[PDB]
Structures are given as structure tokens and as C-alpha cells.
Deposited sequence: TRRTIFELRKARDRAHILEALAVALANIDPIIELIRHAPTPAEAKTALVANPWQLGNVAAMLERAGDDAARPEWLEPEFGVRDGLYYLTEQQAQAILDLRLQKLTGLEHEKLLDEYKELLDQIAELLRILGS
């Protein structure tokens, strides 16, 4: 039982970062514009958490992939996504190649797999 709980914490956390990237790719044009206009990373990071983003919404289904530590001010809150400072960082660290087609899918895929595991880990939690 100790293991299960861990895997859920390991899972939620991992998926948390992959969400932000799936949303980042869901609106790259505006993200790029925002970044190539920020004088510095630090500023681009602020701008990123500052304003919410349109969702990946269908896929994004289940309020369990979110970290038990995730503040209530973050995440999907009214059809809009609110990035954590840590997630914005992840988006800033992305390598252009990750924008290719096959690469975009590998993210969505892993994200969906995590959401699957997180699902069964809960059935297992409940049961």
C-alpha cells in the first residue's frame, strides 16, 4: 500500500509537468510571441504564469492527476489553465525539435498513459 501511494505521487507530479507542455503546445504562437518579447527568461517566466491559457481539454479529463500540494489557484480553473512557476520553467527549457509533429504526439501519449495509471492507482486506492 505504501508503494501505491508513492506511484500516485510520482505519477501526479510527472503528469503535472507534462500538462503544462501539452497546453504550451496547444498555443505556441502566443507563447513564442510572449517569450521572444520578454527581455529575459525571468520576465518571460512571470508573463507565463501571469495570464491563463486556453486548453487538450477533452484529454485533460477526473480531478486526480493534480498534486496534493497543488495550490487551488493553479490548474484548470474555468476552462483556462493557470501555470505554476515550475511549469513555466519547463516550457522555457523546451527544445525546438520538440515542436516537430512526431515529437508533439510523444508528449500527448505519455501524458495520457500517466492519466491512465493515475486512474488505476486510485481504483486500487479506493478498493
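Unmodelled segments of the deposited chain, in sequence order: 56-57, 64-66.
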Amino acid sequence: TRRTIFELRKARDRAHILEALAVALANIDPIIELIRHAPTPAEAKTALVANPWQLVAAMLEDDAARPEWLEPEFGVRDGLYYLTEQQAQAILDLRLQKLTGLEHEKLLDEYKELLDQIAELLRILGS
From here on, numbers count along this sequence of modelled residues.
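Judged by mean Cα B factor in the deposited record, 71-79 ranks above the other of 24-32 and 71-79. Higher mean CA temperature factor between 35-43 and 87-95: 35-43, per the PDB entry.
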